[PDB]
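structure-v6.cif, holding mmCIF, N, CA and C atoms:
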data_entry
loop_
_atom_site.label_atom_id
_atom_site.label_comp_id
_atom_site.auth_asym_id
_atom_site.auth_seq_id
_atom_site.Cartn_x
_atom_site.Cartn_y
_atom_site.Cartn_z
N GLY Y 19 -10.58 -37.24 33.20
CA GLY Y 19 -11.37 -37.15 31.99
C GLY Y 19 -11.07 -38.24 30.97
N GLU Y 20 -12.06 -38.57 30.14
CA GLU Y 20 -11.97 -39.69 29.21
C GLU Y 20 -11.77 -39.20 27.78
N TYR Y 21 -11.39 -40.15 26.92
CA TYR Y 21 -11.16 -39.94 25.49
C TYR Y 21 -12.23 -40.70 24.70
N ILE Y 22 -12.67 -40.13 23.57
CA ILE Y 22 -13.52 -40.87 22.64
C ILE Y 22 -12.92 -40.79 21.24
N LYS Y 23 -13.26 -41.79 20.43
CA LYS Y 23 -12.81 -41.85 19.05
C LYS Y 23 -13.91 -41.32 18.15
N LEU Y 24 -13.57 -40.34 17.34
CA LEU Y 24 -14.49 -39.71 16.40
C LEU Y 24 -14.04 -40.06 14.98
N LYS Y 25 -15.00 -40.28 14.10
CA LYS Y 25 -14.74 -40.56 12.69
C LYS Y 25 -15.04 -39.31 11.88
N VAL Y 26 -14.06 -38.83 11.11
CA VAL Y 26 -14.22 -37.64 10.30
C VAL Y 26 -14.30 -38.07 8.84
N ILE Y 27 -15.45 -37.80 8.22
CA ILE Y 27 -15.75 -38.25 6.87
C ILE Y 27 -15.54 -37.07 5.93
N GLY Y 28 -14.70 -37.28 4.96
CA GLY Y 28 -14.35 -36.26 4.01
C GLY Y 28 -15.30 -36.20 2.84
N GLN Y 29 -15.15 -35.13 2.07
CA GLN Y 29 -15.97 -34.96 0.88
C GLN Y 29 -15.86 -36.14 -0.06
N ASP Y 30 -14.73 -36.85 -0.04
CA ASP Y 30 -14.51 -37.95 -0.96
C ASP Y 30 -14.82 -39.30 -0.33
N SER Y 31 -15.41 -39.30 0.85
CA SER Y 31 -15.77 -40.48 1.63
C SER Y 31 -14.57 -41.12 2.32
N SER Y 32 -13.37 -40.54 2.24
CA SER Y 32 -12.25 -41.01 3.04
C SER Y 32 -12.54 -40.72 4.51
N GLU Y 33 -11.82 -41.41 5.40
CA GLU Y 33 -12.02 -41.23 6.84
C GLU Y 33 -10.68 -41.05 7.55
N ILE Y 34 -10.65 -40.13 8.49
CA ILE Y 34 -9.58 -40.07 9.48
C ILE Y 34 -10.25 -40.08 10.83
N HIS Y 35 -9.78 -40.94 11.72
CA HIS Y 35 -10.37 -41.02 13.06
C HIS Y 35 -9.48 -40.28 14.05
N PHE Y 36 -10.13 -39.70 15.06
CA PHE Y 36 -9.41 -38.90 16.06
C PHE Y 36 -9.77 -39.34 17.47
N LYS Y 37 -8.76 -39.52 18.31
CA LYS Y 37 -8.96 -39.79 19.73
C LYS Y 37 -8.85 -38.43 20.40
N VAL Y 38 -9.97 -37.99 20.98
CA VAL Y 38 -10.07 -36.64 21.54
C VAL Y 38 -10.64 -36.68 22.97
N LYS Y 39 -10.05 -35.89 23.86
CA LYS Y 39 -10.52 -35.82 25.23
C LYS Y 39 -11.85 -35.09 25.23
N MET Y 40 -12.73 -35.46 26.17
CA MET Y 40 -14.07 -34.89 26.20
C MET Y 40 -14.05 -33.38 26.43
N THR Y 41 -12.95 -32.86 27.00
CA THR Y 41 -12.81 -31.46 27.32
C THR Y 41 -11.91 -30.69 26.33
N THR Y 42 -11.42 -31.32 25.28
CA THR Y 42 -10.59 -30.62 24.31
C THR Y 42 -11.42 -29.82 23.31
N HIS Y 43 -11.01 -28.57 23.06
CA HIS Y 43 -11.73 -27.74 22.09
C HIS Y 43 -11.51 -28.31 20.68
N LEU Y 44 -12.61 -28.46 19.93
CA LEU Y 44 -12.53 -29.17 18.66
C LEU Y 44 -11.79 -28.39 17.60
N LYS Y 45 -11.42 -27.14 17.86
CA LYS Y 45 -10.45 -26.47 16.99
C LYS Y 45 -9.23 -27.34 16.73
N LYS Y 46 -8.77 -28.07 17.75
CA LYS Y 46 -7.55 -28.87 17.57
C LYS Y 46 -7.75 -30.01 16.59
N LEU Y 47 -8.97 -30.59 16.54
CA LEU Y 47 -9.26 -31.61 15.54
C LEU Y 47 -9.35 -31.00 14.15
N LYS Y 48 -9.94 -29.81 14.05
CA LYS Y 48 -10.04 -29.14 12.77
C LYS Y 48 -8.65 -28.83 12.21
N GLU Y 49 -7.76 -28.35 13.06
CA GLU Y 49 -6.41 -28.02 12.62
C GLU Y 49 -5.70 -29.26 12.11
N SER Y 50 -5.79 -30.35 12.87
CA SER Y 50 -5.11 -31.59 12.52
C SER Y 50 -5.63 -32.14 11.21
N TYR Y 51 -6.96 -32.18 11.07
CA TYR Y 51 -7.55 -32.67 9.83
C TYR Y 51 -7.09 -31.85 8.63
N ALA Y 52 -7.19 -30.53 8.73
CA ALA Y 52 -6.82 -29.70 7.59
C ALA Y 52 -5.33 -29.85 7.25
N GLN Y 53 -4.48 -29.91 8.27
CA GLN Y 53 -3.06 -30.16 8.04
C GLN Y 53 -2.84 -31.44 7.23
N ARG Y 54 -3.56 -32.51 7.60
CA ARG Y 54 -3.39 -33.81 6.96
C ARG Y 54 -3.97 -33.86 5.55
N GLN Y 55 -5.00 -33.06 5.29
CA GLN Y 55 -5.54 -32.89 3.94
C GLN Y 55 -4.76 -31.90 3.11
N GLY Y 56 -3.90 -31.09 3.72
CA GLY Y 56 -3.13 -30.12 2.95
C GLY Y 56 -3.91 -28.92 2.48
N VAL Y 57 -4.93 -28.50 3.22
CA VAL Y 57 -5.75 -27.36 2.84
C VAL Y 57 -5.85 -26.39 4.02
N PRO Y 58 -6.17 -25.13 3.76
CA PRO Y 58 -6.33 -24.19 4.86
C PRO Y 58 -7.53 -24.57 5.71
N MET Y 59 -7.36 -24.47 7.03
CA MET Y 59 -8.46 -24.80 7.93
C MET Y 59 -9.71 -24.00 7.59
N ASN Y 60 -9.55 -22.75 7.16
CA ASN Y 60 -10.72 -21.92 6.91
C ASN Y 60 -11.39 -22.21 5.57
N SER Y 61 -10.89 -23.15 4.79
CA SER Y 61 -11.58 -23.60 3.59
C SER Y 61 -12.58 -24.71 3.88
N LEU Y 62 -12.70 -25.14 5.14
CA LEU Y 62 -13.51 -26.29 5.50
C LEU Y 62 -14.54 -25.90 6.55
N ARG Y 63 -15.67 -26.60 6.56
CA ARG Y 63 -16.61 -26.53 7.67
C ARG Y 63 -16.87 -27.95 8.16
N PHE Y 64 -16.93 -28.09 9.48
CA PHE Y 64 -17.04 -29.38 10.15
C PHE Y 64 -18.41 -29.44 10.81
N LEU Y 65 -19.20 -30.48 10.49
CA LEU Y 65 -20.56 -30.61 10.99
C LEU Y 65 -20.73 -31.86 11.83
N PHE Y 66 -21.52 -31.73 12.90
CA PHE Y 66 -21.95 -32.85 13.72
C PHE Y 66 -23.46 -32.83 13.72
N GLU Y 67 -24.07 -33.91 13.24
CA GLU Y 67 -25.53 -33.98 13.10
C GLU Y 67 -26.05 -32.79 12.30
N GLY Y 68 -25.26 -32.39 11.31
CA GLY Y 68 -25.57 -31.30 10.42
C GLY Y 68 -25.33 -29.91 10.96
N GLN Y 69 -24.88 -29.77 12.20
CA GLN Y 69 -24.72 -28.47 12.82
C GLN Y 69 -23.25 -28.12 12.90
N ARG Y 70 -22.95 -26.83 12.74
CA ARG Y 70 -21.56 -26.42 12.65
C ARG Y 70 -20.85 -26.57 14.00
N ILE Y 71 -19.67 -27.17 13.95
CA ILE Y 71 -18.79 -27.28 15.11
C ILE Y 71 -17.96 -26.00 15.22
N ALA Y 72 -18.11 -25.31 16.35
CA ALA Y 72 -17.29 -24.15 16.66
C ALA Y 72 -15.92 -24.57 17.21
N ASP Y 73 -14.96 -23.66 17.05
CA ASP Y 73 -13.61 -23.88 17.56
C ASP Y 73 -13.62 -24.25 19.04
N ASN Y 74 -14.44 -23.57 19.84
CA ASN Y 74 -14.45 -23.80 21.28
C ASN Y 74 -15.55 -24.77 21.72
N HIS Y 75 -16.17 -25.50 20.80
CA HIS Y 75 -17.01 -26.62 21.19
C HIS Y 75 -16.15 -27.78 21.69
N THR Y 76 -16.55 -28.37 22.78
CA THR Y 76 -15.93 -29.62 23.23
C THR Y 76 -16.85 -30.79 22.91
N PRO Y 77 -16.32 -32.01 22.85
CA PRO Y 77 -17.21 -33.17 22.65
C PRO Y 77 -18.25 -33.29 23.76
N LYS Y 78 -17.86 -32.97 25.00
CA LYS Y 78 -18.82 -32.97 26.10
C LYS Y 78 -19.97 -32.00 25.83
N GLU Y 79 -19.66 -30.79 25.35
CA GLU Y 79 -20.70 -29.81 25.10
C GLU Y 79 -21.67 -30.30 24.03
N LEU Y 80 -21.17 -30.99 23.02
CA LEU Y 80 -21.98 -31.42 21.88
C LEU Y 80 -22.62 -32.78 22.11
N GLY Y 81 -22.35 -33.43 23.23
CA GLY Y 81 -22.96 -34.70 23.54
C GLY Y 81 -22.41 -35.84 22.72
N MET Y 82 -21.18 -35.70 22.25
CA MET Y 82 -20.56 -36.72 21.43
C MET Y 82 -20.21 -37.95 22.23
N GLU Y 83 -20.21 -39.09 21.53
CA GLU Y 83 -19.93 -40.39 22.11
C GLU Y 83 -18.98 -41.14 21.18
N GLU Y 84 -18.40 -42.22 21.73
CA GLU Y 84 -17.52 -43.10 20.97
C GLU Y 84 -18.11 -43.45 19.61
N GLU Y 85 -17.29 -43.30 18.56
CA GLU Y 85 -17.60 -43.65 17.17
C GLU Y 85 -18.60 -42.71 16.52
N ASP Y 86 -18.94 -41.59 17.14
CA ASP Y 86 -19.74 -40.58 16.45
C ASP Y 86 -19.01 -40.02 15.23
N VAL Y 87 -19.81 -39.55 14.27
CA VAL Y 87 -19.36 -39.13 12.96
C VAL Y 87 -19.37 -37.61 12.88
N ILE Y 88 -18.29 -37.05 12.33
CA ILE Y 88 -18.19 -35.65 11.93
C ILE Y 88 -18.05 -35.61 10.41
N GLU Y 89 -18.81 -34.73 9.74
CA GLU Y 89 -18.70 -34.55 8.30
C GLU Y 89 -17.96 -33.27 7.97
N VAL Y 90 -17.12 -33.31 6.93
CA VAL Y 90 -16.39 -32.14 6.45
C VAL Y 90 -16.91 -31.77 5.08
N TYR Y 91 -17.26 -30.50 4.92
CA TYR Y 91 -17.70 -29.91 3.67
C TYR Y 91 -16.82 -28.70 3.37
N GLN Y 92 -16.79 -28.32 2.08
CA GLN Y 92 -16.18 -27.04 1.72
C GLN Y 92 -16.95 -25.91 2.41
N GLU Y 93 -16.22 -24.89 2.85
CA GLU Y 93 -16.84 -23.73 3.49
C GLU Y 93 -17.78 -22.95 2.55
N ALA F 7 -7.61 -48.00 1.63
CA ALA F 7 -6.83 -47.20 2.57
C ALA F 7 -6.73 -47.90 3.92
N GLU F 8 -5.65 -47.64 4.65
CA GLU F 8 -5.46 -48.21 5.97
C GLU F 8 -6.20 -47.38 7.01
N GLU F 9 -6.45 -47.98 8.18
CA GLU F 9 -7.07 -47.24 9.26
C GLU F 9 -6.11 -46.16 9.77
N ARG F 10 -6.67 -44.99 10.05
CA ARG F 10 -5.92 -43.83 10.51
C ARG F 10 -6.57 -43.33 11.79
N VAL F 11 -5.86 -43.45 12.91
CA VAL F 11 -6.32 -42.89 14.18
C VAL F 11 -5.25 -41.91 14.67
N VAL F 12 -5.65 -40.66 14.84
CA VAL F 12 -4.80 -39.58 15.33
C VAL F 12 -5.20 -39.28 16.77
N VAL F 13 -4.20 -39.16 17.65
CA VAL F 13 -4.43 -38.79 19.04
C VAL F 13 -4.19 -37.30 19.17
N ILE F 14 -5.24 -36.57 19.52
CA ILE F 14 -5.15 -35.13 19.71
C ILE F 14 -4.64 -34.87 21.12
N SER F 15 -3.50 -34.20 21.22
CA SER F 15 -3.00 -33.78 22.52
C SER F 15 -4.01 -32.92 23.26
N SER F 16 -4.07 -33.08 24.58
CA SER F 16 -4.90 -32.18 25.37
C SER F 16 -4.22 -30.83 25.63
N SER F 17 -2.94 -30.69 25.30
CA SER F 17 -2.27 -29.39 25.39
C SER F 17 -2.64 -28.54 24.18
N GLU F 18 -3.19 -27.36 24.43
CA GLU F 18 -3.70 -26.48 23.37
C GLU F 18 -2.79 -25.28 23.20
#
Encoding of this model in structure tokens:
Amino acid sequence: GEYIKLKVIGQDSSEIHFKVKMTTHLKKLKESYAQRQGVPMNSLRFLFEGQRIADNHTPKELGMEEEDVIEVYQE
Amino acid sequence: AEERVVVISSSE
């Protein structure tokens, strides 16, 4: 399996990029992002093409590709 | 800000 780099855009326009395996559940990206922002994971919602990313969504399931963008909003 | 790339482990 392969890895892709995703760009996570914060409410303040800051970015953290993540190298994620196509089969990894995106809960792990959500946890990492929230840890690095210093906020509870459940205070955030993560969107891809405006649609909510579930904990058990994989990049393969969502059709994600290299350099695709994820947006973070307050829950 | 500097570029930030985090590698997510495949171990869950």
Margin query: Using all atoms listed in the file and a cut-off of 7 Å, which residues of chain Y sit close to chain F? Please list them as a list in words.
Written below: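 Close to chain F, chain Y has residues 33, 34, 35, 36, 37, 38, 39, 42, 46 and 47 of chain Y.
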Next item on the list: For atom CA of residue 90 of chain Y and atom CA of residue 62 of chain Y, quote the distance in Å rounded to one decimal.
Entry: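 Taking atom CA of residue 90 of chain Y as the start and atom CA of residue 62 of chain Y as the end point, the length is 6.6 Å.
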Margin query: When you count only C-alpha atoms, which of these residues is closest to residue 64 of chain Y: Y:25, Y:31, Y:41, Y:48?
Written below: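 Closest to residue 64 of chain Y of all the choices is Y:48.
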Checklist line | Expansion of the PyMOL selection byres ((chain Y and resi 29) around 8) into residues, as a PyMOL selection string | finding: chain Y and resi 26-28+30-33+89-92
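Interatomic distance, atom C of residue 70 of chain Y to atom CA of residue 49 of chain Y: 14.6 Å.
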Go ahead and fit an axis-aligned box to every listed atom of chain F plus 4 Å each side, and pass me the centre and edge lengths in Å, one decimal, as lines of an AutoDock Vina configuration file.
center_x = -4.9
center_y = -36.7
center_z = 13.6
size_x = 13.3
size_y = 30.9
size_z = 32.0
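Rounded to one decimal, atom CA of residue 71 of chain Y and atom CA of residue 44 of chain Y lie 7.4 Å from each other.
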Next item on the list: Would you please give, as a PyMOL selection string, all residues of chain Y that DSSP assigns to strand (DSSP E) based on the backbone?
Entry: chain Y and resi 21-27+33-39+62-66+69-70+87-92
Check: chain Y: which residues are helix (DSSP H, G or I) by DSSP, as a VMD selection string?
Finding: chain Y and resid 45 to 55 59 to 61 77 to 80
Note to self: Residues within 9 Å of (-10.5, -39.0, 32.8), file coordinates, counting only C-alpha atoms: what are they? Give the list as an NGL selection string.
What the structure shows: :Y and (19-21 or 39-40)
Check: Where does the PyMOL selection byres ((chain Y and resi 73) around 6) land in this file, that is, which residues does it pick, as a list in words?
Finding: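 The output of the PyMOL selection byres ((chain Y and resi 73) around 6) on this file is residues 43, 44, 45, 71, 72, 74 and 75 of chain Y.
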Would you mind exporting N, CA and C atoms of the selected residues as a compact mmCIF listing (two decimals), in the frame of the given file?
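out38.txt, written as the output of this step:
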# COMPACT_ATOMS: atom_id res chain seq x y z
N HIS Y 43 -11.01 -28.57 23.06
CA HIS Y 43 -11.73 -27.74 22.09
C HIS Y 43 -11.51 -28.31 20.68
N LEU Y 44 -12.61 -28.46 19.93
CA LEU Y 44 -12.53 -29.17 18.66
C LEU Y 44 -11.79 -28.39 17.60
N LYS Y 45 -11.42 -27.14 17.86
CA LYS Y 45 -10.45 -26.47 16.99
C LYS Y 45 -9.23 -27.34 16.73
N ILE Y 71 -19.67 -27.17 13.95
CA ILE Y 71 -18.79 -27.28 15.11
C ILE Y 71 -17.96 -26.00 15.22
N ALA Y 72 -18.11 -25.31 16.35
CA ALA Y 72 -17.29 -24.15 16.66
C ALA Y 72 -15.92 -24.57 17.21
N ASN Y 74 -14.44 -23.57 19.84
CA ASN Y 74 -14.45 -23.80 21.28
C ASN Y 74 -15.55 -24.77 21.72
N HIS Y 75 -16.17 -25.50 20.80
CA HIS Y 75 -17.01 -26.62 21.19
C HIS Y 75 -16.15 -27.78 21.69
